[PDB]
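Hydrogens, waters and symmetry mates are skipped; everything else that's a heavy atom, side chains included, is used. Protein chains get the first letters and strands the later ones, always in sequence-line order, with residue 1 at the start of each. Counting convention: from 1, in listed order, for ligands and their atoms alike.
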Amino acid sequence: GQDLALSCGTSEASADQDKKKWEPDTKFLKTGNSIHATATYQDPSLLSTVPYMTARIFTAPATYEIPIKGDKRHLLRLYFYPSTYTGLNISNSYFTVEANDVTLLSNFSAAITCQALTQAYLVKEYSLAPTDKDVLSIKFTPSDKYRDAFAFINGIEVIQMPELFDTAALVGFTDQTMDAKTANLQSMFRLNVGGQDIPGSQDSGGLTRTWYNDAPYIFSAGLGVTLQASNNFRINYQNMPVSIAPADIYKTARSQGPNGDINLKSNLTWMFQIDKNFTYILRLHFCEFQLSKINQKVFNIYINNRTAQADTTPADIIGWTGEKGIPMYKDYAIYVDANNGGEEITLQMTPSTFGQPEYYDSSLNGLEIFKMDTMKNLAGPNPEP
Amino acid sequence: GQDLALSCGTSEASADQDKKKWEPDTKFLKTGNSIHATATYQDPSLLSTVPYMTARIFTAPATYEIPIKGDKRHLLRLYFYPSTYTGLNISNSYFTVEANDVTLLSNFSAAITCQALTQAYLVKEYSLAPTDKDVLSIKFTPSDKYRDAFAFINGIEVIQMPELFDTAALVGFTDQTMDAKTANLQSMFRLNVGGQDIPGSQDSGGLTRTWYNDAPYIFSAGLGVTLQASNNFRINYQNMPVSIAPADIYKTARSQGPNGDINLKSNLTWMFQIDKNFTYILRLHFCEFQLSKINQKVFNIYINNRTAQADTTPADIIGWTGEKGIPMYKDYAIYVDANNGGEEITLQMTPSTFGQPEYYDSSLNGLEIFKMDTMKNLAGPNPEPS
Ligand SMILES: *[C@@H]1O[C@H](CO[C@@H]2O[C@@H](C)[C@@H](O)[C@@H](O)[C@@H]2O)[C@@H](O[C@@H]2O[C@H](CO)[C@@H](O)[C@H](O)[C@H]2NC(C)=O)[C@H](O)[C@H]1NC(C)=O
Ligand SMILES: *[C@@H]1O[C@H](CO)[C@@H](O[C@@H]2O[C@H](CO)[C@@H](O)[C@H](O)[C@H]2NC(C)=O)[C@H](O)[C@H]1NC(C)=O
Ligand SMILES: *[C@@H]1O[C@H](CO)[C@@H](O[C@@H]2O[C@H](CO)[C@@H](O)[C@H](O)[C@H]2NC(C)=O)[C@H](O)[C@H]1NC(C)=O
Ligand SMILES: *[C@@H]1O[C@H](CO)[C@@H](O[C@@H]2O[C@H](CO)[C@@H](O)[C@H](O)[C@H]2NC(C)=O)[C@H](O)[C@H]1NC(C)=O
Ligand SMILES: *[C@@H]1O[C@H](CO)[C@@H](O[C@@H]2O[C@H](CO)[C@@H](O)[C@H](O)[C@H]2NC(C)=O)[C@H](O)[C@H]1NC(C)=O
Ligand SMILES: *[C@@H]1O[C@H](CO)[C@@H](O)[C@H](O)[C@H]1NC(C)=O
Ligand SMILES: [Ca+2]
Ligand SMILES: [Ca+2]
Ligand SMILES: [Ca+2]
Ligand SMILES: [Ca+2]
């Protein structure tokens, strides 16, 4: 059927602020008796009125049927703008969303979730494994616990993507590995480390992912030192698919800085709020654009205080890639529960004292955090405040 | 083993006018020698320079090896743009193409085929039955009969597809069928009847098939009346796979029109140039979007002057589907013989008088014509020049 950007509750085509074209959802909606509504407040923080200002509202289970290619992986995005739609209190909305037998959301309150994030809108993004079916059935089910619950949706995107997931190294364990090839994933965070926001229009692979500056997630007292590649520095992908990440991710990084003695005394630390009781994959993106040789910059990486790369196998970007300007990533997996970090993921970097490196520093170019499904479920609870 | 769109002779990723992404063919070329070439001339009829303006040229045999799932059916497309490449005379190009054990093309002249069609480029499309092999070997062999014979290719696509083929009713016989489930097929024609061209980007199943307007193929004096479903009319597929055809096929149709007297005195007639000595499957796509009951519109269907639906079993779309808005298709098979049939398939419809229907009309929403393989061969001769 091909990729779609549906603005729910619209009757004509529309375009957003980033030159993405959207179309009405009506075509794809199997079930009747939905309500369409336009919000009566346009939050000044919205980047566009599209798709956010218009919604479709469901008071019974409702299914969209989107033609897809069965053998392919897809990105699915759900856009929500909890605002005022004439005649409803958005606080009453609690619902489930499923996509071909994968549960995405359950008892989901967009209002509570937005309040907790201090953001007026939400985009939930998922990477769905191939389901061998030529229709993606997206079912919205109002809560059967609350008589007054309704479901709503402002936009849906379905985007074919390559098989960009394979194995991840298990954090804190010696050489253990797990397969992500058939996993369903939720995108939790996607950062351009040390660099400016990259809008979807500048993403690679036609995937229109947004990559956010990482500064708001730095937990260490030190912000470190951001690095920028020289003008027209060439990112040499070699055999890495360009869809993994756009070149600009690799042209900037965050490092600890030029003072190796100070760097040895601290970790550069990021912290993220996530849902308990899931395995997460952290994809760390690297590209050395300053140094040229093995054993110049060699560093330990820790996830939730456990070893990701350390001891006699620390991280060395040139050690991994063989050459300045080659991009790469490494995937690490951690099951996060009460004993392992609770509701938080921490990522920490510090120089290694193995093999007498030329410098004592660390760096990172990009970061993605994905939730893996457990028994075809990705739904977590709503956040607190 | 993913789907591929290879633009042969390129060294950078490219994209065409319909946003299809293409990549270089280099990694998949397994045996032989070849060079990249760029066409000297951009024909104004080309929608894109991708993949058509670049080619790989073979002066001896060469093979691609493409990873596939052996238990799955595939679409294979071969793109050709005859032009002057590396100083060679395109009129000397005659070659064979094989995909595993299936001969697709033999003594193939892209130049002559293009001249006969009044088209500057060709896309040959095949549906290959499961191979039980994890590699698709695509072999290009220059003709060993002409001395300066060479082969060329501009683009290759390999696309995993569902099993969209089963049995077809043999025309002019009753309860005799042809089995296409494990056949290798060539796509000859694919039409949105009564509607505008549907580009591959809008095709269902992610199969990127183009559905072309049918008007050029009508040979009755009357072109009938084209119909379009109302705004927000929904096509209700039920258990028919959406990969069969996109919704827009079913939202338009060609009919004979509102004058039943005129309709009763004529056939709506399509004609197609094909290759003799093959069995063809005609897939007729239907969806009733105006009427609502059985025995409102009831019509006879003839293929090569023989009965496909007639007598006491004429076509009735609601009769078949049970409801307005439910799409369907019916497959019919016909052998086109070396004398009778004579390089053409004709499809004709006219109203039936059987059972006193409310109206006297006929309609059709889409049409596909497939060649079935014989002796593991789908190759036909080059058409006559004019
Ligand atoms: C296509 O098939 C014909 C044979 O067709 C069969 O035999 C015929 C004699 C007739 O009985 C048909 O109805 C049968 O289906 C191949 O042979 C040619 O056939 C034509 C007449 O149809 C005849 O004029 C030629 O002399 C025959 N040729 C030879 C070499 O004997 C023909 O070669 C086949 N073509 C292809 C491209 O495979
Ligand atoms: C950098 O962070 C790592 C990981 O959190 C620190 O190592 C941990 O230190 C605590 C003690 O404070 C121990 O309980 C853990 O066992 C350590 N983990 C590992 C994997 O060794 C490390 O000390 C920090 N370094 C600095 C300089 O702050
Ligand atoms: C559905 O979601 C809300 C989450 O916000 C749940 O209600 C909250 O539950 C927690 C206790 O875990 C309290 O701290 C909050 O005060 C509750 N908030 C509100 C607004 O009621 C609710 O329990 C969930 N329901 C189900 C069936 O899971
Ligand atoms: C519509 O076309 C059909 C099929 O070509 C016509 O039926 C044929 O008529 C010719 C001449 O009368 C015969 O040689 C064929 O044997 C007929 N075939 C069949 C299957 O009946 C039919 O006459 C045409 N209808 C109209 C209304 O013109
Ligand atoms: C290969 O194809 C060419 C072109 O179709 C064939 O040559 C034509 O043969 C027919 C006779 O069947 C004549 O009508 C044309 O004048 C010929 N055209 C040219 C350009 O020569 C040729 O016979 C075929 N060769 C083989 C071995 O099958
Ligand atoms: C997490 O898992 C533990 C252990 O299975 C369980 O006791 C707890 O209820 C779960 N908590 C959440 C928030 O899912
Ligand atoms: Ca909307
Ligand atoms: Ca960066
Ligand atoms: Ca090409
Ligand atoms: Ca049509």
message = Could you check whether atom 7 (O) of ligand 6 has a protein contact, counting only heavy atoms that fall below 4.0 angstrom?
response = no

ask   = Are any of the side-chain heavy atoms of B/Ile138 and B/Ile153 separated by less than 4.5 Å?
value = no

remark   = atom 21 (O) of ligand 5 sits nearest the protein heavy atom B/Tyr94 OH, 4.6 Å

remark   = The side-chain contact (heavy atoms from CB on, under 4.5 Å) partner of A/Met188 among A/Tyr280, A/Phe278, A/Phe370 is A/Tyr280

ask   = Taking the inter-plane angle between the rings of B/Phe152 and B/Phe95 on a 0 to 90° scale, is it parallel (under 30°), tilted (30 to 60°) or perpendicular (over 60°)?
value = perpendicular

inquiry  = Taking 3.0 Å as the cut-off, does B/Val193 contribute an N, O or S atom near the Ca ion (ligand 10), distance below it?
reply    = yes

task = Taking only heavy atoms of A/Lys276 into account, list the atoms of ligand 6 that are under 4.0 Å away from them.
result = 13 (C)

query = Considering distance alone, does some N or O of B/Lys145 sit under 3.5 Å from an N or O of ligand 5?
reply = no

message = So, 3.0 Å as the limit: is an N/O/S atom of B/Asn365 located closer than that to the Ca ion (ligand 10)?
response = yes

message = Check the orientation of B/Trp320 and B/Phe286. Use parallel for under 30°, tilted for 30 to 60°, and perpendicular for over 60°.
response = tilted

query = Would B/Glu368 and B/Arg190 count as a salt bridge (charged side-chain N to carboxylate O under 4.0 Å, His left out) if you check the C-alpha gap in whole Å, the side-chain angles of each, and the deciding distance to 0.1 Å?
reply = CA-CA 4 Å; B/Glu368 297 171 284; B/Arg190 178 169 291 114; 2.9 Å; yes

ask   = For atom 12 (O) of ligand 5, is some protein heavy-atom partner under 4.0 Å away?
value = no

query = From atom 10 (C) of ligand 6, is the closest protein heavy-atom distance below 4.0 Å?
reply = yes

request  = Indicate whether atom 7 (O) of ligand 5 is within a distance of less than 4.0 angstrom of some protein heavy atom.
outcome  = no

key: B/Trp211 backbone or side-chain N/O/S under 3.0 Å from the Ca ion (ligand 10)   = no

Minimum heavy-atom distance between A/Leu378 and A/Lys371, given as atom pair plus value = O-NZ, 2.7 Å

query = Within the side chain of A/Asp373, is there an N or O that forms a donor-acceptor pair under 3.5 Å with the backbone of A/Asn184?
reply = yes

ask   = Is atom 15 (C) of ligand 5 less than 4.0 angstrom from some protein heavy atom?
value = no

Atom 2 (O) of ligand 6: any protein heavy atom closer than 4.0 Å = yes

ask   = Can you find an N/O atom of B/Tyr146 closer than 3.5 Å to an N/O atom of ligand 5?
value = yes

ask   = Got the closest protein heavy atom to atom 1 (C) of ligand 5, with its distance?
value = B/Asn107 ND2, 1.4 Å

task = Determine the interplanar angle of the B/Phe58 and B/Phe140 rings, folded into 0 to 90°, and report it as parallel if under 30°, tilted if 30 to 60°, perpendicular if over 60°.
result = tilted

ask   = Any protein heavy atom lying closer than 4.0 Å to atom 28 (O) of ligand 5?
value = yes

ask   = Looking at atom 24 (C) of ligand 5, would you say a protein heavy atom lies below 4.0 Å from it?
value = yes

inquiry  = Students often mix this up, so state it plainly: with edges at 30° and 60°, are the rings of B/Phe80 and B/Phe108 parallel, tilted or perpendicular?
reply    = tilted

inquiry  = Looking at B/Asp203 and B/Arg209, is any side-chain nitrogen of the basic one under 4.0 Å from a carboxylate oxygen of the acidic one?
reply    = yes

key: Proximal atoms of ligand 5 relative to B/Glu384 (non-hydrogen, under 4.0 Å)   = 14 (O)

ask   = Evaluating non-hydrogen atoms only, which member of A/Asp337, A/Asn339, A/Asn277 is closest to atom 12 (C) of ligand 6?
value = A/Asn277

query = With atoms numbered from 1 as shown, which atoms in ligand 5 lie under 4.0 angstrom from a non-hydrogen atom of B/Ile112?
reply = 4 (C)

ask   = A/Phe272 vs A/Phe189 aromatic rings, parallel, tilted or perpendicular, using cut-offs 30° and 60°?
value = tilted

query = Could you go step by step and tell me if A/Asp134 and B/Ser204 meet the side-chain hydrogen bond (donor to acceptor under 3.5 Å, both in side chains) rule?
reply = CA-CA 8 Å; A/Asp134 59 8; B/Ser204 59; over 6 Å; no

